[PDB]
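First up is the structure itself, then whatever we jot down about it.
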Amino acid sequence: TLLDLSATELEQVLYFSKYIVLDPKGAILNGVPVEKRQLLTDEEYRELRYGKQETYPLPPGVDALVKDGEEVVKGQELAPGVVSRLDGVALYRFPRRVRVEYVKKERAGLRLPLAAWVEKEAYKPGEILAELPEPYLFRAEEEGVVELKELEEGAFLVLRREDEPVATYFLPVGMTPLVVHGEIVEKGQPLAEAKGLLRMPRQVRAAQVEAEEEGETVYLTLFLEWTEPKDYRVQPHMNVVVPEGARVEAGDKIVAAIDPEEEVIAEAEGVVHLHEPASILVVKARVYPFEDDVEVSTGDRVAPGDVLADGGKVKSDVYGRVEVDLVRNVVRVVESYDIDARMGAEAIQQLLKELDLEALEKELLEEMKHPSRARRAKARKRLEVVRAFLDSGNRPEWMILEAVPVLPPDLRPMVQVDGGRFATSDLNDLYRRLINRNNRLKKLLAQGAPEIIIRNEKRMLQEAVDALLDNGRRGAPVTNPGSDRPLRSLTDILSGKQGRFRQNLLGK
Amino acid sequence: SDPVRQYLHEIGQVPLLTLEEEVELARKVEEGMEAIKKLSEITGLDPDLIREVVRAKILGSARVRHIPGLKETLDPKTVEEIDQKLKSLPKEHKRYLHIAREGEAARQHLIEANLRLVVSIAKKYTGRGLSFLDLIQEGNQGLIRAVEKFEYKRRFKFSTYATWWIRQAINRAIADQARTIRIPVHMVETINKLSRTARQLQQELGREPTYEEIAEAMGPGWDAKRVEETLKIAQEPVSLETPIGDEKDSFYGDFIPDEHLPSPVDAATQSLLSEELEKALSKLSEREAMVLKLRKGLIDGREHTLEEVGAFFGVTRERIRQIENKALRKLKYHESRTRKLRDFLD
DNA sequence: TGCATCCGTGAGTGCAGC
DNA sequence: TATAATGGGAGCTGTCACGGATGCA
């Protein structure tokens with residue numbers, strides 16, 4: 001009545017079914033702003049306080065249609081069988097295989113008919129190298145053993161006489177090699193056939209082109225730059241210590257593990273690509289990559305226009321909670337309000353302390369002049385309590401117990417009966433429940449227990465107090481083990497025909 | 001409405017971890033602990049205080065309370081000072097802070113994810129003297145111990161290591177809380193062992209065993225008397241509110257008299273005793289009566305020695321002993337004469 | 001605003017009563 | 001202290017009438 005809370009609501013807050021909000025810090029649920037004394041469910045309080053997120057399963061063998069760190073819109077399919085129900089930043093969870101594209105910059109020669117060759121100072125990927133009217137046989141200018149290295153498209157030949165390479169030839173698309181790996185070739189025998197138009201592969205680009213005119217032919221010394229992929233398999237007990245698209249060098253570790261011999265170390269300069277994640281995590285969040293030391297750590301809560309990283313350069317866009325990613329080297333803010341919404345008699349006691357009695361009396365007085373009969377009625381019923389407290393000098397918050405009194409022991413005896421056996425009052429068992437639950441609560445607090453546990457404990461504590469003061473008033477009555485008999489609480493002691501008044505007071 | 005149902009719902013909220021999620025969480029926890037130790041090495045501060053600060057900022061200011069082990073009272077002021085001192089460290093050092101925070105968060109998520117196991121284990125401990133919810137909570141304490149003690153390096157799943165500590169906590173709770181008169185855990189073990197022994201013995205004997213048979217089955221060191229006394233100390237109290245008769249109007253405690261407070265007869269008898277003794281007081285002289293009252297403790301309630309009454313009256317202890325003797329003697333004569341103090345001797 | 005409707009609270013005394 | 005173990009279990013029925021709240025039509 002005092003706080004204007006229906007029985008169901010007060011039940012929900014005291015017994016931890018629902019949160020109630022104090023100093024909302026401008027939260028928003030479904031488009032409507034949040035103001036004090038609003039009733040929030042568990043999902044609502046979690047979405048508001050901890051932000052909105054979800055994770056989706058990826059069936060075996062299937063890869064991602066999206067990339068790590070990439071913003072996503074609701075409805076956008078992350079996989080063929082996966083569609084995100086929300087909008088935000090997708091993140092990879094437990095990638096099964098890591099592909100490394102290794103950077104290789106080398107030098108390789110080729111010889112072509114002068115009429116066919118299209119002269120250029122460099123060749124971009126896919127760009128036509130030459131146009132040949134008739135089939136042409138590229139021949140070896142050295143003797144030795146052939147090392148054939150085949151890319152996705154295009155090939156490399158390396159002639160080594162001594163095991164020391166004496167030649168490197170480049171074979172762009174359109175040249176079918178006539179030699180196998182490890183074949184012995186003499187000078188002037190065809191290593192390839194060129195047909196029609198020959199062009200650069202998509203994998204390899206030609207950075208520099210030198211050309212020596214000799215007779216009717218040109219010899220192109222090509223300075224080439226290309227990437228060679230290598231796949232690595234990641235087991236469930238292994239973690240990826242490297243971010244998506246990270247430049248790595250020989251000796252650095254891409255993926256750690258339990259034991260050093262199963263580790264993945266980078267053999268050569270290359271870029272890292274994370275493929276086939278176990279699951280994909282869609283979060284509503286704002287990403288803030290950083291090039292230097294970060295001013296805020298993980299777990300800190302921050303408003304828009306706040307310092308994040310790089311000595312005050314990159315700042316906060318939205319409201320949220322700070323997750324600092326060292327792996328991806330990015331400060332990620334999951335969007336969440338700072339809203340304070342409590343549960344139980346602590347919240348209620350707070351609201352009670354925050355009641356200004358005179359003010360509410362004025363409110364109800366102004367309410368008493370309303371034409372509606374029901375409103376005048378309820379305002380009268382409320383003003384009766386308000387004025388009761390006002391006239392009495394009792395503080396409303398005293399209806400909440402910080403310190404639960406303990407009856408003198410002689411009034412709840414532990415007594416040795418005739419046979420030396422002990423008999424005792426139920427109040428002792430009630431008090432013991434209370435003290436056990438309270439102590440466990442203090443230990444669970446001091447040890448930093450998760451919220452579900454503390455919530456359960458608090459609920460149990462309230463119910464314990466209930467059982468002590470009035471047993472069976474709310475919920476199932478507390479009974480002793482191996483008996484259906486309700487324990488006798490203080491209320492029971494007082495009232496009824498067997499109660500203190502009628503039994504021991506009005507008669508003796 | 002139903003607290004168990006409600007809790008099972010709140011538990012049903014957090015989804016079960018996969019192998020990878022579990023491994024990653026455990027790993028982050030462990031590395032977080034390592035990072036806290038590193039921060040202790042660097043800062044030269046207390047690892048526990050650092051842990052409490054990191055956990056404070058992770059959980060937020062919603063929960064801050066003095067830790068029994070901590071030296072300083074933990075308040076937003078001190079945690080802000082320590083946090084800022086942690087913000088004061090170089091990039092590679094400041095890194096360990098982020099590792100720690102991530103560790104704490106991983107810990108919380110790990111426990112919250114594994115809360116179902118505790119329930120599934122605790123459901124089988126009912127009827128042992130603790131409520132279902134209590135068993136669940138103690139089991140949760142066990143779960144926390146298991147989380148902080150876990151090693152992902154062993155490659156064992158979390159449930160295996162958790163179950164041990166969970167059962168441990170539940171059983172410790174049952175042994176500690178279940179009796180109105182508390183009994184030590186080793187003694188509870190002995191009592192339960194005695195029970196199981198007697199039950200097996202009765203299962204093969206087709207009847208309840210005697211003390212001697214139980215003593216035989218318990219081994220050396222155990223005789224009939226030991227079994228009997230062990231069963232005696234094991235006896236639990238009975239309720240004073242235990243109903244008597246088929247109606248609701250009679251409590252068992254209504255038949256139990258108060259032996260402590262003196263009866264009107266006893267009080268009156270002590271009163272007449274004091275009054276009569278004072279008669280004989282006026283009887284003996286002031287000195288001998290006072291010596292007797294001092295030595296027997298009628299004055300301050302304590303019984304003075306001979307040297308005290310002797311130094312008080314200014315005579316030798318031999319003298320005061322002698323006047324005590326003659327006092328008692330005159331009292332004996334007068335008592336034989338009037339037979340007044342005889343009836344108070346029962 | 002009037003009327004279902006649900007919940008909570010009562011239902012003699014003294015004897016004895018295991 | 002480490003195989004793995006991941007959402008409970010018992011319900012209680014043959015009053016009876018009133019005051020007072022609360023809700024829904």
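The values are calculated or read from the model by the stated rules, or taken from the named source; nothing here is a laboratory result. Backbone-built Cβ (ideal geometry, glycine too); neighbour counts: all protein chains shown.
A few remarks follow.
- Unmet criterion (only one of (1) more than 8 Å from chain B (Cβ to nearest Cβ); (2) in a helix (DSSP H, G or I); (3) surrounded by fewer than 17 Cβ atoms within 10 Å (Cβ to Cβ); (4) in contact with a helix residue (DSSP H, G or I) (Cβ under 9 Å, 6 or more places away or on another chain)) for residue A:473: (2)
- Among the residues of segment A:303-327, the ones that are within 20 Å of residue B:102 (Cβ to Cβ) and within 12 Å of chain B (Cβ to nearest Cβ) come to 8 in all.
- Filtered residue count, segment A:143-201, keeping only those that are over 55 Å from the mean Cα position of the chain (by Cα), at positive phi and assigned to a strand (DSSP E or B): 2
- Count of residues meeting criterion [more than 9 Å from DNA strand D (Cβ to nearest atom) and within 19 Å of residue A:57 (Cα to Cα)] in segment B:16-31: 6
- Counting the residues of segment A:461-494 that are closer than 18 Å to residue B:242 by Cα and touching a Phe, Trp or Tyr at 6+ places or on another chain (Cβ under 8 Å) gives 2.
- For residue B:83, the conditions (1) free of Cβ contacts under 8 Å to residues at least 12 places away in the same chain; (2) touching a helix residue (DSSP H, G or I) at 6+ places or on another chain (Cβ under 9 Å); (3) within 12 Å of chain A (Cβ to nearest Cβ) all hold with the exception of (1).
- Residue match in segment B:72-84 (condition: among the basic types (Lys, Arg) and surrounded by fewer than 17 Cβ atoms within 10 Å (Cβ to Cβ)): yes
- Any hit, segment B:125-133, residues being in the same structural domain as residue B:34 (by CATH) and assigned to a helix (DSSP H, G or I): yes
- Number of residues in segment A:480-491 that are within 16 Å of DNA strand D (Cβ to nearest atom) and part of a loop (DSSP other than H, G, I, E, B): the value is 6.
- For segment A:449-460, the set of residues classified as away from DNA strand D (no atom under 16 Å from the Cβ), surrounded by fewer than 20 Cβ atoms within 10 Å (Cβ to Cβ) and of a type in the set (A, V, I, L, M) consists of A:454 only.
- Among the residues of segment B:98-127, just one is near DNA strand D (Cβ under 7 Å from one of its atoms) and facing chain A (nearest Cβ under 8 Å), namely B:115.
- Segment B:260-276, residues that are farther than 11 Å from residue B:344 by Cβ, outside any loop (DSSP other than H, G, I, E, B) and not hydrophobic (A, V, I, L, M, F, W, C): B:264, B:266, B:271, B:275
- Residues of segment A:2-45 that are within 16 Å of DNA strand C (Cβ to nearest atom) and surrounded by fewer than 19 Cβ atoms within 10 Å (Cβ to Cβ): A:6, A:7, A:8, A:9, A:10, A:11, A:12.
- Close pairs (9 angstrom Cβ cut-off, 6 or more residues apart or separate chains): on the phi < 0 side of the Ramachandran plot and assigned to a loop (DSSP other than H, G, I, E, B) in segment A:492-507, more than 10 Å from DNA strand C (Cβ to nearest atom) and charged (D, E, K, R) anywhere: A:498/A:492; A:499/A:492
- Residues (outside any helix (DSSP H, G or I) and more than 8 Å from chain B (Cβ to nearest Cβ)) located in segment A:449-470: A:470
- Residue match in segment B:37-44 (condition: over 21 Å from residue A:327 (Cα atoms) and either aromatic (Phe, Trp, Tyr) or within 12 Å of chain A (Cβ to nearest Cβ) (or both)): no
- Helices (runs of 4 or more DSSP H) fully within segment A:351-448 counting 2 or more residues that are more than 16 Å from DNA strand D (Cβ to nearest atom), surrounded by 14 or more Cβ atoms within 10 Å (Cβ to Cβ) and within 14 Å of chain B (Cβ to nearest Cβ): A:426-446
- Among the residues of segment B:1-23, just one is within 16 Å of DNA strand C (Cβ to nearest atom) and among the acidic types (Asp, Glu), namely B:2.
- Restricting segment B:13-41 to residues that are touching a residue at least 24 places away in the same chain (Cβ under 8 Å) and farther than 23 Å from residue A:237 by Cβ leaves a set whose member that is surrounded by the fewest Cβ atoms within 10 Å (Cβ to Cβ) is B:14.
- Only one entry in B:18, B:73, B:43 is of a type in the set (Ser, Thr, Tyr), over 20 Å from residue B:113 (Cα atoms) and out of contact with any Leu (no Cβ under 8 Å at 6 or more places or on another chain), namely B:73.
- Selection within segment A:9-28 - within 14 Å of chain B (Cβ to nearest Cβ), under 18 Å from residue A:352 (Cα atoms) and out of contact with any strand residue (DSSP E or B) (no Cβ under 8 Å at 6 or more places or on another chain): A:11, A:14, A:15, A:16
- Qualifying residue in segment B:226-238 (condition: surrounded by 15 or more Cβ atoms within 10 Å (Cβ to Cβ) and either within 16 Å of DNA strand C (Cβ to nearest atom) or aromatic (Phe, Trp, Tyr) (or both)): yes
- Conditions (1) among the small types (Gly, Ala, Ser); (2) free of Cβ contacts under 8 Å to residues at least 12 places away in the same chain; (3) within 14 Å of chain B (Cβ to nearest Cβ); number of the one not met by residue A:31: (3)
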